[PDB]
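For reference, chains read A, B, C, D and E in written order, and residue numbers begin at 1 within each chain.
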Amino acid sequence: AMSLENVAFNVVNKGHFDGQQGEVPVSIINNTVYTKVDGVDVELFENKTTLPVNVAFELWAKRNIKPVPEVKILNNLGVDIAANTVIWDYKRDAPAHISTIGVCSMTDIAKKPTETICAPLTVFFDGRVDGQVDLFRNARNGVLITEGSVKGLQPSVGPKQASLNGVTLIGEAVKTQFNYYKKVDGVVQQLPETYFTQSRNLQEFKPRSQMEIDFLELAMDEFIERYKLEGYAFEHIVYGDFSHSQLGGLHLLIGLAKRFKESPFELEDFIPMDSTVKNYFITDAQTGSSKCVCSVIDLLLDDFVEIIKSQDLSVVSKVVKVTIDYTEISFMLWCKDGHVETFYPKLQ
Amino acid sequence: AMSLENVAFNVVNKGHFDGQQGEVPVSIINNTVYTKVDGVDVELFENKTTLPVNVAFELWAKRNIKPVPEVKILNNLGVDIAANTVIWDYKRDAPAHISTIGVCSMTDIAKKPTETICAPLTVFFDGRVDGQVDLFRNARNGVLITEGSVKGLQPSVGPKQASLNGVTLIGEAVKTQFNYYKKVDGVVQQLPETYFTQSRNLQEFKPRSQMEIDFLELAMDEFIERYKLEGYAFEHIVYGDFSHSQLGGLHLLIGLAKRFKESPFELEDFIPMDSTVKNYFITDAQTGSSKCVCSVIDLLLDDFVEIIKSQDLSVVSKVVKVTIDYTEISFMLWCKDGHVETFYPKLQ
Amino acid sequence: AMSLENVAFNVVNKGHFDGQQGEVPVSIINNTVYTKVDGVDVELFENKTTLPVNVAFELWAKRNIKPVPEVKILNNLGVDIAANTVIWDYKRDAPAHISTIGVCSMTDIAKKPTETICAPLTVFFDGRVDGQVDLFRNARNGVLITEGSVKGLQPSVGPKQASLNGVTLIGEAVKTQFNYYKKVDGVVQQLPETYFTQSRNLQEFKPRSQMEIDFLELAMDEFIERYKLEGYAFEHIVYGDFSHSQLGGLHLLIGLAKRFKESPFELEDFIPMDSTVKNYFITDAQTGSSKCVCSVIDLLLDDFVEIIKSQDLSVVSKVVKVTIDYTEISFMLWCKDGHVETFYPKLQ
Amino acid sequence: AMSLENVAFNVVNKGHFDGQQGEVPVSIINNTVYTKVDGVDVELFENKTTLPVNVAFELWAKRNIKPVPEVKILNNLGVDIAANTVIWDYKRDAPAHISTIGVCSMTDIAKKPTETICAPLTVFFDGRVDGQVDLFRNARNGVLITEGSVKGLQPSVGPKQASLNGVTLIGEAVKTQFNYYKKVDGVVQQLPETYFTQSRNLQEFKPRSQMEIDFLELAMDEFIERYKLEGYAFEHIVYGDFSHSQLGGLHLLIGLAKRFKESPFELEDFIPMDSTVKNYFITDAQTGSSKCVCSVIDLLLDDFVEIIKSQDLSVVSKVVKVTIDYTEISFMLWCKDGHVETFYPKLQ
Amino acid sequence: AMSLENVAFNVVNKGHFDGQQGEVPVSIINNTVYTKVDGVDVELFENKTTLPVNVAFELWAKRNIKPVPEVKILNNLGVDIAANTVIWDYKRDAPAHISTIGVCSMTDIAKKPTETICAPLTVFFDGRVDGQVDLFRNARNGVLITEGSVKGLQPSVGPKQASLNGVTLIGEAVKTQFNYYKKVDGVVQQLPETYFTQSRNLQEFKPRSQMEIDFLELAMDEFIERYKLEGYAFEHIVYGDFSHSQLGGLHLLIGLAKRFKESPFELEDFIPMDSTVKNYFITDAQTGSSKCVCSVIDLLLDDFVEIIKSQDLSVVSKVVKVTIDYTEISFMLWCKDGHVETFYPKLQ
């Protein structure tokens, strides 16, 4: 017996929707849900979505609170909808998918993913929930995540990290590295070889390799010497050039992190969403060097070094396609006299 | 188990809240409540109140659908709150009272009128509901309506008309004339002898006496002759003077109705609420005669004639207090040489 | 090159979207679209929909301005979406369907109805537009309307009336009676034999037969005598019983229209949408007789007389199913000693 | 000492702003202003403007309540702002001008029209207010209205009618016909000779000449015979042609009024504002004949007959410019073999 | 061809408006602009302005992204409007000026600053844009900024810092120190001798002189001794007195910065805007010492020492006017027995 007052009761008493019985008094004013606590209104939820306030409230309350794949991965894999859960997009403060299956009466297109409406949609299945590996097996389109092996099916080892309540982390007390499976029109797909983005923050950046430790601790010309990166434009691409009005390069999160410790800078996230490649309007506070669209990718420095060293440097300009987070990311490679001039995630 | 979805189920299936079990999907957007009917949103309620949308929706759904006293009467009797019902104010599109008793968890100050919080409030009791005459006897303050006698209680015969779902009518298939009782500080108060306003509309005005039929059919000078009203300023007070820029008199609804048939006019209801005396910014469309505050009362013409003929016409100006709808309405009487010049519901 | 300013230019200069080039300055504030006309804002549209303001504005501007089937018919036929047009629902002030095909970038699920997303949806096709009869033949699900014969397709003759810009009318300068066709799962479905509702208003009701003229002019007992309706409970069903607190019968629009001329009454349309059977919370102003859910159908009196006279009157209570507006409407027939007691569109 | 609570006090006690001292409690919620009346909120104003709610409330309260020129006239004369008053536009429910002079602290550009900011603006002056004729003489740009002669200034006799609180009327108890004066760049401009629109409604249309009485009473062919209008296309232009899907002609309000009595029709006012020529999306309910943009002008039939009979009928198509309400209205005249085919207010 | 969808396309693809062709689907809900990115809504802009949402969105997209003068400077110089650009006020999240010239159709008063409407307004001209030094030369009122010299015109050297996308900085890769020119009624003004505020933050405070380094590193009595500031009330004015309930002095940002490293404190910015002098409701967390209006100015400590040492200390209380950021800032100087008691930016 689903209700606004019951969803609110669960939020107040259980921290989220937990199927518990009970009702608390609720008031809705504009885009905010309130509850009366000893005669005064306490805010429970502020609707930042394009859905009706009470509908967004129920989907947020019914969000998956287990470590789940990051929305960028699900998007890159073509996920349209989730099976009997809500993947909450914490970067957008909104549900990751428009419709639901067996979650909310206003957004449900079906109660079970076996309904014919779900057949053409890529449904997300969670092998950690009972019977979901079998629902994937019976589904025409879908993406499956598991913690262990699946009989017959060959896995694609996903990223080490997952999102737990909006916190991207590599689990120690929980499993965050999943096996990924995908089916298009009833056929189990062979997922491609892929690099993964590291999903780190600019403020809390931690190196994940000896090369990353050396980049953060060494001086620019010491690191380029140690790692034989002469002629690969790391000075421009990774370190950044703040000498002209237009900020040069600075496309790797580790380079932004190194800079951030010394001089702060403004990053305007003009398209706020989870994506493999992020675009920022950057303004360097120390120099006044700036760039309207500065594409940034967080690759492990070793993976970026491997990608750039595996390219033909004899062309003036070409598109270099790299598989990252299961999607095809186009890069722009510009060379001159056999040396790199620039390499950046292609702005389109 | 009260919920928004259950209140909505009742509205859709029963025309109002009827305590039936069930839920329909609801969406709230801004100040409107919608329900999904075959994949599309259908508006159920638009909040015109100062309460939260979902709260106003539940109080409107829980409105008393039996003939009830008109809000002006309840206001004139000092009613603060109703016992276990909602008097919906259709003139304001809002609950007639701020708080409720045993109706809605958001607006309830008490579940029963016997709670000590209700003691200082004048609670409205409906003798047609079981145990409500007893609750009135136990109440410190209150107004009671009944269809018959209550042993020991001296009754006040109320108006012939009552409001049934916003329609003011004199019942033929239902009883609309009630006995009224009031209590202030544990003590039954004797309600005063009173005139009652007729609660008629300008558009559908119907005479309720031979004098009212004669006013609408006869010419000004022959009605004044027939009813011996010479020297009582009916030409100014009732008929209206449209010869000057400021509209003269026109304080009785029957006079406005007679005028309306011949020439239309705009009545700006700048304080839209139910009241014994109504104030309008009137603009006569034929002449351009206008008045910012034109007080209008709908008294039966015979009752108005009786009031004006029961006054001493030897003073230049005095306040004449008349009990109408249980409240004391002050009129302003202006005389000259023993004749009336003007008589109007005195602007406070 | 679709834009808000171009949609607004078309509204201002052509009365609706007409594909004309040009832009006018627009301002959006809350749920209203304004345009600057000589330095002042003029309201162009007020959003009464659950869609974003600018989106609802474009769909309203792109509404079909040719006589189209009434939304009740489309709903009864299972229409989910329209092919390259917008059926505007004037009873709801909103699009009749959630999504569009080739209309607006925000609501489009496809540019053409041939896209695989449209296959499971019942798409509405208009044979008056080029290539739409063919698109219906290629559609898995759909409803087709035509002004003439389609080789091979067995037609269903629809109602005489259609909606032209919110005005329901029987065309004289335009064709409003269409041939209807339906397809479910690639298979043409034979539309059932049906009665049609007349789509008349209470305020401007006009009889459409000698029996309807006789009902409105003759007294209750002489009409029942002339048409041999003795023992069919027309006194209760059609005329209405206003003697008790609960209003008895009154389920045919013609009966409400006859009553309306003599005594006015309030009809609360608590589910405001177009439907074959309408539900109203009725309050009779003369008597105070009322009913929370009074189902009303507008059938031609001859069609209602035919339905009631074609029933077996030997059962106490049974469901009588009648096909009206292509949908199966269940009625409740209550008899006693071979005579009708009541017959009403059964409340679901 | 201007305040929201004082503006509200004036509205409640005087029907509008009257400079009286006092305060009432006010609450603002969304776009509505409320006041507490005996413990409950009563709506005083609903903001339909693009200004902040409290600002629109004060300008509406401070509206000119004397008969003023109709907004179409002021617009046609180039009025940008009013001197120390607010012309309320009742067709738009908004102030007729963006800014004020000596009215409201939020919208004031100046306290007096003598301030240099007002010099390039055409300020409206009211000769009925003390010192305003002098302020016009000192103004660089302006429009002046007077009830009599101004020594030296050559007057323009305006329309008989004016707007008194939204009611357009020809005054009997007040003066509504004004003398008009205009100044552009310090120089008095001679206002042109002009026809005036009659400002009548479709619902309450009243003839203002023997020709207008004859048009409404006589049949089409006998009116055209009596007034020698053969070959002037009155059948198309004035009467309207409802035989084809596109409604033919119907550009004079009297023709729409004659039609309205027999058959009703929908007029969609897609640009709701006061203008000399009005544009409507018309749908005829009887025939289904319709037109997206049907320009309508309310000229006295004699004035229209004079205009059409004063044209050379030897050209196929030409623009005929006529001065109406001080503005130049371009008409489109289409002839064939010396007879009129169509004549309509040319769609810009 | 300006549109909402084109402005949105530019924001998404270029980080701001760049005149690029293209359209993205947009939805407006309340005060937020969204765009569809792979079937989900992504927020592009939240309107914090008093302008319509779509209008504020276009002005924000069309903001000047080059280092521009800080809004306080432009305000102090009397700038009313900018020539063909938008100075975005990042302290208010709104345009710095009401109207625009050649930017947006809704806010434009003119397309070119040469139009007569601009003559009485102080237009801001940017010498870095072609032909703007000549538009200033031809303009009646204006402020001009240049990077280099202007023939004939003597410059006023502005502050070292400018705002680049909301980041106030002293440029190293871009020029931020401009030459200022001003014209009032066609006459090139001689701008006054002025001090400049340093525009530093409380958190990221960096000293800009040996005296400022000494203030932050030395103990109160060591610094006052070294700089011979005995008898100048630096203990009260600069350091702050936190011993009583009312916080004493603390009017210089460097003093707040020194305090902030040791003990944190709440600064309530009750008038959030850019101004030479800032007012804060300060509460010291360590002591509970507080002040409702604590005026703070960020002057270079050497400039403040120079101002205070250039005053006559023989009066009890006088207003000391100092030119800071081209405006006249009144200070209050209180002395006793030839020594300073307090000196603060005068609260009016």
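Assume a residue touches a chain if its C-beta (ideal position, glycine included) is under 8 Å from a C-beta of that chain, and two chains touch if they have at least 3 such contacts.
Of the two chain pairs considered here, A-C and C-E, the higher C-beta contact count falls to C-E.
Taking each chain's centre as the mean of its C-alpha atoms, the one that lies farthest from the centre of subunit D is A. Spacing of subunit A relative to subunit D, judged by their CA centroids, is 59 angstrom.
With centres taken as mean Cα positions, subunit D sits 38 Å from subunit C.
Of all residues in subunit D, those that touch two or more other chains are 30, 50. Applying the touch criterion to all chain pairs gives A-B, A-C, A-E, B-C, B-D, C-D, C-E, D-E. Those residues of subunit A that touch subunit B in the complex are listed here as 1-6, 23, 25-30, 34, 36, 52-55, 105-106. Against subunit A, in their complex, subunit C makes its touches with residues 50, 52, 116-117, 120. Here subunit D touches subunit B in the complex through residues 11-16, 18, 27, 29-30, 34, 37-44, 65, 67, 164-167, 169, 171-174, 176, 204, going by the rule given at the top.
Considering their complex, residues 30-31, 48-50, 75, 80, 89, 92, 94, 96-98, 242-245, 264, 266, 268, 270-273, 279, 281, 283-290, 292-293, 347 of subunit B touch subunit D.
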